[PDB]
>>> print(open('protein-v4.cif').read())   # mmCIF, N, CA and C atoms
data_query
#
loop_
_atom_site.group_PDB
_atom_site.id
_atom_site.type_symbol
_atom_site.label_atom_id
_atom_site.label_comp_id
_atom_site.auth_asym_id
_atom_site.auth_seq_id
_atom_site.Cartn_x
_atom_site.Cartn_y
_atom_site.Cartn_z
ATOM 1 N N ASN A 66 51.065 61.870 93.322
ATOM 2 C CA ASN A 66 52.315 61.310 93.818
ATOM 3 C C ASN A 66 53.507 62.165 93.403
ATOM 4 N N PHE A 67 54.702 61.581 93.509
ATOM 5 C CA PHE A 67 55.973 62.163 93.086
ATOM 6 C C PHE A 67 56.383 63.383 93.902
ATOM 7 N N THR A 68 55.620 63.740 94.940
ATOM 8 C CA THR A 68 55.936 64.860 95.823
ATOM 9 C C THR A 68 56.246 66.134 95.044
ATOM 10 N N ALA A 69 57.209 66.913 95.527
ATOM 11 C CA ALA A 69 57.623 68.148 94.881
ATOM 12 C C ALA A 69 59.138 68.164 94.761
ATOM 13 N N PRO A 70 59.673 68.764 93.694
ATOM 14 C CA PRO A 70 61.128 68.743 93.485
ATOM 15 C C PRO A 70 61.886 69.849 94.201
ATOM 16 N N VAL A 71 61.198 70.728 94.933
ATOM 17 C CA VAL A 71 61.806 71.836 95.670
ATOM 18 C C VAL A 71 62.389 72.851 94.692
ATOM 19 N N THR A 72 63.356 72.425 93.886
ATOM 20 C CA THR A 72 63.947 73.284 92.871
ATOM 21 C C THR A 72 63.231 73.101 91.539
ATOM 22 N N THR A 73 63.286 74.132 90.710
ATOM 23 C CA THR A 73 62.666 74.070 89.393
ATOM 24 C C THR A 73 63.524 73.225 88.460
ATOM 25 N N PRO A 74 62.995 72.144 87.889
ATOM 26 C CA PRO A 74 63.798 71.337 86.962
ATOM 27 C C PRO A 74 64.166 72.130 85.716
ATOM 28 N N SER A 75 65.381 71.899 85.226
ATOM 29 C CA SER A 75 65.892 72.602 84.057
ATOM 30 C C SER A 75 67.131 71.872 83.557
ATOM 31 N N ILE A 76 67.686 72.369 82.460
ATOM 32 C CA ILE A 76 68.943 71.825 81.935
ATOM 33 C C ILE A 76 70.084 72.240 82.859
ATOM 34 N N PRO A 77 70.909 71.306 83.335
ATOM 35 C CA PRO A 77 71.878 71.641 84.388
ATOM 36 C C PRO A 77 73.050 72.493 83.926
ATOM 37 N N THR A 78 73.613 72.188 82.762
ATOM 38 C CA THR A 78 74.866 72.839 82.388
ATOM 39 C C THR A 78 74.595 74.110 81.592
ATOM 40 N N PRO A 79 75.110 75.257 82.028
ATOM 41 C CA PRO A 79 74.937 76.490 81.253
ATOM 42 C C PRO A 79 75.728 76.448 79.955
ATOM 43 N N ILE A 80 75.453 77.433 79.096
ATOM 44 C CA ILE A 80 76.117 77.490 77.797
ATOM 45 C C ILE A 80 77.619 77.693 77.970
ATOM 46 N N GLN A 81 78.020 78.553 78.902
ATOM 47 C CA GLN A 81 79.431 78.683 79.226
ATOM 48 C C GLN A 81 79.932 77.403 79.889
ATOM 49 N N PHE A 82 81.261 77.307 80.013
ATOM 50 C CA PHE A 82 81.973 76.099 80.432
ATOM 51 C C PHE A 82 81.935 75.055 79.322
ATOM 52 N N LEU A 83 81.215 75.354 78.240
ATOM 53 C CA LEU A 83 81.154 74.499 77.062
ATOM 54 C C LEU A 83 81.658 75.226 75.821
ATOM 55 N N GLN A 84 82.317 76.366 76.006
ATOM 56 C CA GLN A 84 82.845 77.170 74.915
ATOM 57 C C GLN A 84 84.360 77.219 75.023
ATOM 58 N N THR A 85 85.040 77.013 73.901
ATOM 59 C CA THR A 85 86.478 77.211 73.813
ATOM 60 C C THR A 85 86.763 78.393 72.895
ATOM 61 N N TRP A 86 87.684 79.250 73.321
ATOM 62 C CA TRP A 86 87.965 80.507 72.643
ATOM 63 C C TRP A 86 89.302 80.407 71.924
ATOM 64 N N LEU A 87 89.311 80.785 70.650
ATOM 65 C CA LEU A 87 90.523 80.676 69.855
ATOM 66 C C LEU A 87 91.594 81.621 70.393
ATOM 67 N N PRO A 88 92.862 81.202 70.388
ATOM 68 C CA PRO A 88 93.910 82.019 71.024
ATOM 69 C C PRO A 88 94.151 83.362 70.356
ATOM 70 N N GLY A 89 93.727 83.542 69.108
ATOM 71 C CA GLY A 89 94.067 84.754 68.388
ATOM 72 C C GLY A 89 92.915 85.702 68.127
ATOM 73 N N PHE A 90 93.226 86.991 68.028
ATOM 74 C CA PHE A 90 92.258 88.031 67.700
ATOM 75 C C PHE A 90 92.646 88.647 66.363
ATOM 76 N N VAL A 91 91.767 88.529 65.367
ATOM 77 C CA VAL A 91 92.072 89.114 64.066
ATOM 78 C C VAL A 91 92.008 90.638 64.150
ATOM 79 N N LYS A 92 92.656 91.291 63.189
ATOM 80 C CA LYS A 92 92.746 92.742 63.150
ATOM 81 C C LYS A 92 92.452 93.244 61.744
ATOM 82 N N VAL A 93 92.015 94.501 61.661
ATOM 83 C CA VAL A 93 91.787 95.129 60.366
ATOM 84 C C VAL A 93 93.103 95.672 59.819
ATOM 85 N N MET A 94 93.229 95.663 58.492
ATOM 86 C CA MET A 94 94.515 95.946 57.839
ATOM 87 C C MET A 94 94.658 97.404 57.413
ATOM 88 N N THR A 95 93.690 97.903 56.636
ATOM 89 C CA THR A 95 93.734 99.197 55.948
ATOM 90 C C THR A 95 94.686 99.114 54.760
ATOM 91 N N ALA A 96 94.811 100.208 54.009
ATOM 92 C CA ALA A 96 95.527 100.196 52.741
ATOM 93 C C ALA A 96 96.988 99.793 52.926
ATOM 94 N N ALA A 97 97.574 99.288 51.843
ATOM 95 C CA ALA A 97 98.954 98.829 51.869
ATOM 96 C C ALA A 97 99.920 100.006 51.929
ATOM 97 N N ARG A 98 101.113 99.738 52.455
ATOM 98 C CA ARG A 98 102.179 100.731 52.574
ATOM 99 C C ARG A 98 103.380 100.211 51.792
ATOM 100 N N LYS A 99 103.588 100.748 50.588
ATOM 101 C CA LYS A 99 104.576 100.211 49.659
ATOM 102 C C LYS A 99 105.635 101.235 49.266
ATOM 103 N N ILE A 100 105.805 102.298 50.051
ATOM 104 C CA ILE A 100 106.850 103.271 49.746
ATOM 105 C C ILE A 100 108.230 102.667 49.979
ATOM 106 N N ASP A 101 108.369 101.837 51.016
ATOM 107 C CA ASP A 101 109.667 101.249 51.331
ATOM 108 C C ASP A 101 110.136 100.304 50.233
ATOM 109 N N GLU A 102 109.227 99.491 49.692
ATOM 110 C CA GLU A 102 109.615 98.529 48.666
ATOM 111 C C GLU A 102 110.079 99.226 47.393
ATOM 112 N N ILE A 103 109.373 100.278 46.976
ATOM 113 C CA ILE A 103 109.691 100.937 45.713
ATOM 114 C C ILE A 103 111.006 101.701 45.816
ATOM 115 N N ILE A 104 111.193 102.449 46.899
ATOM 116 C CA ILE A 104 112.318 103.368 47.019
ATOM 117 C C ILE A 104 113.389 102.839 47.965
ATOM 118 N N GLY A 105 112.994 102.344 49.130
ATOM 119 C CA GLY A 105 113.928 102.001 50.181
ATOM 120 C C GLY A 105 113.926 103.036 51.292
ATOM 121 N N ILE A 106 114.709 102.748 52.329
ATOM 122 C CA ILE A 106 114.783 103.604 53.507
ATOM 123 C C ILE A 106 116.246 103.838 53.859
ATOM 124 N N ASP A 107 116.592 105.096 54.130
ATOM 125 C CA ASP A 107 117.937 105.483 54.540
ATOM 126 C C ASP A 107 117.844 106.213 55.870
ATOM 127 N N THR A 108 118.537 105.698 56.883
ATOM 128 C CA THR A 108 118.592 106.323 58.202
ATOM 129 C C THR A 108 119.911 107.082 58.293
ATOM 130 N N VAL A 109 119.854 108.393 58.063
ATOM 131 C CA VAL A 109 121.040 109.235 57.980
ATOM 132 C C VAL A 109 121.035 110.324 59.048
ATOM 133 N N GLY A 110 119.885 110.945 59.282
ATOM 134 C CA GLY A 110 119.801 112.064 60.193
ATOM 135 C C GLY A 110 119.611 111.637 61.632
ATOM 136 N N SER A 111 119.388 112.634 62.483
ATOM 137 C CA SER A 111 119.106 112.422 63.892
ATOM 138 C C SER A 111 117.918 113.283 64.290
ATOM 139 N N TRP A 112 117.290 112.925 65.407
ATOM 140 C CA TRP A 112 116.147 113.685 65.879
ATOM 141 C C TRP A 112 116.627 115.066 66.346
ATOM 142 N N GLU A 113 115.672 115.902 66.755
ATOM 143 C CA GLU A 113 115.861 117.300 67.152
ATOM 144 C C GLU A 113 116.664 118.089 66.118
ATOM 145 N N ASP A 114 116.723 117.606 64.879
ATOM 146 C CA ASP A 114 117.399 118.328 63.816
ATOM 147 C C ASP A 114 116.386 119.118 62.990
ATOM 148 N N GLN A 115 116.878 119.823 61.983
ATOM 149 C CA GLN A 115 115.996 120.653 61.173
ATOM 150 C C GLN A 115 116.122 120.407 59.676
ATOM 151 N N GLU A 116 117.329 120.158 59.167
ATOM 152 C CA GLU A 116 117.539 120.114 57.727
ATOM 153 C C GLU A 116 118.507 119.001 57.347
ATOM 154 N N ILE A 117 118.437 118.607 56.075
ATOM 155 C CA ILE A 117 119.308 117.600 55.480
ATOM 156 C C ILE A 117 119.963 118.215 54.250
ATOM 157 N N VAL A 118 121.272 118.012 54.101
ATOM 158 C CA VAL A 118 122.047 118.642 53.038
ATOM 159 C C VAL A 118 122.741 117.572 52.203
ATOM 160 N N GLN B 119 110.955 140.824 121.167
ATOM 161 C CA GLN B 119 111.924 141.483 122.035
ATOM 162 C C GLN B 119 111.168 142.340 123.045
ATOM 163 N N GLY B 120 111.778 142.552 124.214
ATOM 164 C CA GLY B 120 111.114 143.237 125.301
ATOM 165 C C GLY B 120 111.896 144.440 125.794
ATOM 166 N N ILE B 121 111.180 145.314 126.510
ATOM 167 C CA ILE B 121 111.724 146.546 127.071
ATOM 168 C C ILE B 121 111.293 146.629 128.532
ATOM 169 N N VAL B 122 112.066 147.361 129.339
ATOM 170 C CA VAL B 122 111.882 147.409 130.787
ATOM 171 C C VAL B 122 111.210 148.706 131.234
ATOM 172 N N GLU B 123 111.824 149.858 130.933
ATOM 173 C CA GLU B 123 111.281 151.183 131.241
ATOM 174 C C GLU B 123 110.919 151.349 132.718
ATOM 175 N N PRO B 124 111.900 151.539 133.599
ATOM 176 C CA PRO B 124 111.590 151.860 134.999
ATOM 177 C C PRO B 124 111.093 153.293 135.144
ATOM 178 N N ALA B 125 110.652 153.622 136.360
ATOM 179 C CA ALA B 125 110.135 154.956 136.644
ATOM 180 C C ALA B 125 110.220 155.235 138.139
ATOM 181 N N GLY B 126 110.184 156.513 138.486
ATOM 182 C CA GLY B 126 110.218 156.937 139.872
ATOM 183 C C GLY B 126 110.836 158.307 140.023
ATOM 184 N N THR B 127 110.428 158.995 141.088
ATOM 185 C CA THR B 127 110.940 160.326 141.391
ATOM 186 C C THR B 127 110.913 160.535 142.899
ATOM 187 N N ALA B 128 111.733 161.474 143.364
ATOM 188 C CA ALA B 128 111.957 161.692 144.786
ATOM 189 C C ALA B 128 111.394 163.033 145.238
ATOM 190 N N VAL B 129 111.179 163.143 146.551
ATOM 191 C CA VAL B 129 110.695 164.353 147.198
ATOM 192 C C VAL B 129 111.577 164.645 148.410
ATOM 193 N N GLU B 130 111.320 165.782 149.052
ATOM 194 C CA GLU B 130 112.070 166.156 150.241
ATOM 195 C C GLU B 130 111.666 165.288 151.431
ATOM 196 N N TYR B 131 112.591 165.157 152.379
ATOM 197 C CA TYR B 131 112.393 164.278 153.521
ATOM 198 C C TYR B 131 111.475 164.912 154.560
ATOM 199 N N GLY B 132 110.746 164.057 155.271
ATOM 200 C CA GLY B 132 109.918 164.494 156.379
ATOM 201 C C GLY B 132 109.648 163.342 157.314
ATOM 202 N N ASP B 133 109.445 163.666 158.592
ATOM 203 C CA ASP B 133 109.238 162.625 159.595
ATOM 204 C C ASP B 133 107.923 161.887 159.371
ATOM 205 N N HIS B 134 106.827 162.626 159.214
ATOM 206 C CA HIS B 134 105.503 162.039 159.068
ATOM 207 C C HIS B 134 104.951 162.159 157.653
ATOM 208 N N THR B 135 105.769 162.582 156.694
ATOM 209 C CA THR B 135 105.296 162.756 155.328
ATOM 210 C C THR B 135 105.114 161.409 154.637
ATOM 211 N N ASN B 136 104.255 161.400 153.619
ATOM 212 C CA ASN B 136 103.995 160.185 152.860
ATOM 213 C C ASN B 136 105.236 159.759 152.083
ATOM 214 N N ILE B 137 105.397 158.447 151.937
ATOM 215 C CA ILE B 137 106.559 157.866 151.267
ATOM 216 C C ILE B 137 106.281 157.717 149.777
ATOM 217 N N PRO B 138 107.120 158.270 148.906
ATOM 218 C CA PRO B 138 106.944 158.049 147.466
ATOM 219 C C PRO B 138 107.317 156.627 147.078
ATOM 220 N N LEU B 139 106.830 156.213 145.910
ATOM 221 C CA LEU B 139 107.017 154.851 145.430
ATOM 222 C C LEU B 139 107.480 154.863 143.981
ATOM 223 N N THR B 140 108.053 153.739 143.558
ATOM 224 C CA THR B 140 108.548 153.547 142.204
ATOM 225 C C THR B 140 107.779 152.416 141.530
ATOM 226 N N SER B 141 107.964 152.294 140.219
ATOM 227 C CA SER B 141 107.256 151.290 139.430
ATOM 228 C C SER B 141 108.006 151.083 138.117
ATOM 229 N N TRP B 142 107.408 150.302 137.220
ATOM 230 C CA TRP B 142 107.980 150.033 135.906
ATOM 231 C C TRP B 142 106.862 149.581 134.976
ATOM 232 N N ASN B 143 107.193 149.469 133.689
ATOM 233 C CA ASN B 143 106.196 149.127 132.674
ATOM 234 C C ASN B 143 106.917 148.530 131.474
ATOM 235 N N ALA B 144 106.607 147.277 131.152
ATOM 236 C CA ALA B 144 107.284 146.544 130.092
ATOM 237 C C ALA B 144 106.455 146.532 128.812
ATOM 238 N N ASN B 145 107.149 146.398 127.682
ATOM 239 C CA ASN B 145 106.526 146.336 126.367
ATOM 240 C C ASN B 145 107.230 145.275 125.532
ATOM 241 N N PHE B 146 106.585 144.884 124.435
ATOM 242 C CA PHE B 146 107.123 143.885 123.522
ATOM 243 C C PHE B 146 106.998 144.367 122.084
ATOM 244 N N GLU B 147 108.010 144.063 121.273
ATOM 245 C CA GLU B 147 108.021 144.392 119.855
ATOM 246 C C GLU B 147 108.227 143.121 119.041
ATOM 247 N N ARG B 148 107.588 143.058 117.872
ATOM 248 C CA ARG B 148 107.533 141.840 117.077
ATOM 249 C C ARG B 148 107.888 142.122 115.623
ATOM 250 N N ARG B 149 108.395 141.088 114.948
ATOM 251 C CA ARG B 149 108.724 141.133 113.530
ATOM 252 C C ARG B 149 108.161 139.894 112.847
ATOM 253 N N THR B 150 107.990 139.978 111.528
ATOM 254 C CA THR B 150 107.332 138.937 110.752
ATOM 255 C C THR B 150 108.291 138.340 109.729
ATOM 256 N N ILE B 151 108.238 137.012 109.582
ATOM 257 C CA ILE B 151 109.034 136.283 108.600
ATOM 258 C C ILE B 151 108.273 136.215 107.283
ATOM 259 N N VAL B 152 108.987 136.454 106.183
ATOM 260 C CA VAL B 152 108.421 136.450 104.840
ATOM 261 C C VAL B 152 109.168 135.416 104.008
ATOM 262 N N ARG B 153 108.421 134.593 103.275
ATOM 263 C CA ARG B 153 108.990 133.544 102.441
ATOM 264 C C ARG B 153 108.687 133.813 100.972
ATOM 265 N N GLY B 154 109.632 133.450 100.104
ATOM 266 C CA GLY B 154 109.442 133.577 98.678
ATOM 267 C C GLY B 154 109.752 132.268 97.980
ATOM 268 N N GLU B 155 109.472 132.238 96.679
ATOM 269 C CA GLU B 155 109.691 131.037 95.885
ATOM 270 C C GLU B 155 109.980 131.408 94.437
ATOM 271 N N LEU B 156 110.639 130.484 93.741
ATOM 272 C CA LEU B 156 110.961 130.628 92.328
ATOM 273 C C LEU B 156 111.280 129.247 91.775
ATOM 274 N N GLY B 157 110.865 128.992 90.532
ATOM 275 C CA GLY B 157 110.983 127.672 89.949
ATOM 276 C C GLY B 157 111.536 127.716 88.538
ATOM 277 N N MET B 158 111.513 126.549 87.896
ATOM 278 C CA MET B 158 112.032 126.381 86.546
ATOM 279 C C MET B 158 111.311 125.215 85.886
ATOM 280 N N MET B 159 111.375 125.174 84.557
ATOM 281 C CA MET B 159 110.712 124.121 83.798
ATOM 282 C C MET B 159 111.365 124.014 82.427
ATOM 283 N N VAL B 160 111.762 122.798 82.051
ATOM 284 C CA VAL B 160 112.524 122.551 80.832
ATOM 285 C C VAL B 160 111.852 121.443 80.032
ATOM 286 N N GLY B 161 111.729 121.653 78.720
ATOM 287 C CA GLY B 161 111.201 120.653 77.819
ATOM 288 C C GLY B 161 112.291 119.771 77.222
ATOM 289 N N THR B 162 111.860 118.883 76.323
ATOM 290 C CA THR B 162 112.782 117.936 75.700
ATOM 291 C C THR B 162 113.452 118.537 74.469
ATOM 292 N N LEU B 163 112.647 118.978 73.498
ATOM 293 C CA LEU B 163 113.205 119.584 72.295
ATOM 294 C C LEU B 163 113.976 120.852 72.629
ATOM 295 N N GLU B 164 113.473 121.640 73.581
ATOM 296 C CA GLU B 164 114.189 122.833 74.015
ATOM 297 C C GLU B 164 115.560 122.471 74.574
ATOM 298 N N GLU B 165 115.619 121.427 75.405
ATOM 299 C CA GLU B 165 116.895 120.994 75.963
ATOM 300 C C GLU B 165 117.847 120.527 74.870
ATOM 301 N N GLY B 166 117.339 119.764 73.900
ATOM 302 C CA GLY B 166 118.193 119.310 72.813
ATOM 303 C C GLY B 166 118.746 120.456 71.988
ATOM 304 N N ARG B 167 117.882 121.409 71.631
ATOM 305 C CA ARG B 167 118.330 122.556 70.848
ATOM 306 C C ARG B 167 119.331 123.400 71.628
ATOM 307 N N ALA B 168 119.107 123.570 72.935
ATOM 308 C CA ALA B 168 120.048 124.326 73.753
ATOM 309 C C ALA B 168 121.398 123.625 73.835
ATOM 310 N N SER B 169 121.394 122.301 74.011
ATOM 311 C CA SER B 169 122.646 121.557 74.065
ATOM 312 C C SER B 169 123.341 121.498 72.713
ATOM 313 N N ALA B 170 122.604 121.719 71.620
ATOM 314 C CA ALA B 170 123.230 121.733 70.301
ATOM 315 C C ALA B 170 124.277 122.834 70.177
ATOM 316 N N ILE B 171 124.114 123.933 70.908
ATOM 317 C CA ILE B 171 125.069 125.034 70.875
ATOM 318 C C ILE B 171 125.976 125.028 72.107
#
>>> encode(input="protein-v4.cif", output="structure tokens")
Amino acid sequence: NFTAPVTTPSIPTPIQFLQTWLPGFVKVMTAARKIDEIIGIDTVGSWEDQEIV
Amino acid sequence: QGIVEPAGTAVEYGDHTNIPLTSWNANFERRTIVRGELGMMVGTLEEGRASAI
């Protein structure tokens, strides 16, 4: 009895459509940059220049 | 440009003598057009250094 189902029975819902993706992408850091904190930064010169006096 | 260059010469008269005839011959002369080119190319730092003076 029960005839034939034509299609192969299986779980209906795929794994996707059931996944939520976090809005953010983490990044790698690398070593710290602490020259600015110790000394500071002075913007005095201009580009296409050669020397500071 | 073209040229005409007629031709012909005469003989003494006669009652039953053969009649001389005249003609012409044209020619053509030609010239060729020649084209040249020249360009320029400027960078960024080069332009800045040049404008510095």
>>> closest_residue(input="protein-v4.cif", among="A:112, A:102, A:97, A:118", to="chain B", atoms="all atoms listed in the file")
A:112
>>> atom_distance(input="protein-v4.cif", atom1="CA of residue 142 (chain B)", atom2="CA of residue 120 (chain B)")
13.0 Å
>>> resolve_selection(input="protein-v4.cif", expression="the PyMOL selection byres ((chain B and name CA) within 7 of (chain A and name CA))", output="CSV table (one decimal) with N, CA and C atoms, in the coordinates of the input")
chain,number,residue,atom,x,y,z
B,163,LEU,N,112.6,119.0,73.5
B,163,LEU,CA,113.2,119.6,72.3
B,163,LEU,C,114.0,120.9,72.6
B,166,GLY,N,117.3,119.8,73.9
B,166,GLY,CA,118.2,119.3,72.8
B,166,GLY,C,118.7,120.5,72.0
B,167,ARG,N,117.9,121.4,71.6
B,167,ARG,CA,118.3,122.6,70.8
B,167,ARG,C,119.3,123.4,71.6
>>> atom_distance(input="protein-v4.cif", atom1="CA of residue 150 (chain B)", atom2="CA of residue 122 (chain B)")
22.2 Å
>>> atom_distance(input="protein-v4.cif", atom1="CA of residue 168 (chain B)", atom2="atom N of residue 115 (chain A)")
13.0 Å
>>> decode(input="protein-v4.cif", residues="region 71-99 of chain A", atoms="C-alpha atoms", output="compact mmCIF listing (two decimals), in the first residue's frame")
# COMPACT_ATOMS: atom_id res chain seq x y z
CA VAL A 71 7.17 10.63 -6.32
CA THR A 72 9.76 12.79 -4.55
CA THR A 73 12.39 11.46 -2.17
CA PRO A 74 11.34 12.19 1.44
CA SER A 75 13.84 14.29 3.39
CA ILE A 76 14.13 17.15 5.87
CA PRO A 77 12.45 20.15 4.18
CA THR A 78 14.34 23.16 5.49
CA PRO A 79 18.01 23.57 4.49
CA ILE A 80 20.64 24.71 6.97
CA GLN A 81 20.64 28.19 5.44
CA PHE A 82 17.65 30.49 6.05
CA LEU A 83 18.20 29.36 9.66
CA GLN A 84 21.48 31.24 10.18
CA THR A 85 21.87 34.80 11.42
CA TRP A 86 25.17 36.59 10.77
CA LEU A 87 26.65 39.03 13.26
CA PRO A 88 26.91 42.59 11.87
CA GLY A 89 30.62 42.92 12.63
CA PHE A 90 33.86 41.45 11.28
CA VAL A 91 36.75 41.23 13.73
CA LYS A 92 40.24 42.25 12.61
CA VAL A 93 43.81 41.43 13.58
CA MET A 94 45.69 44.13 15.51
CA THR A 95 49.49 43.62 15.28
CA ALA A 96 51.94 45.37 17.60
CA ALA A 97 51.04 48.60 19.39
CA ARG A 98 52.03 52.03 18.07
CA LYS A 99 53.02 54.24 21.02
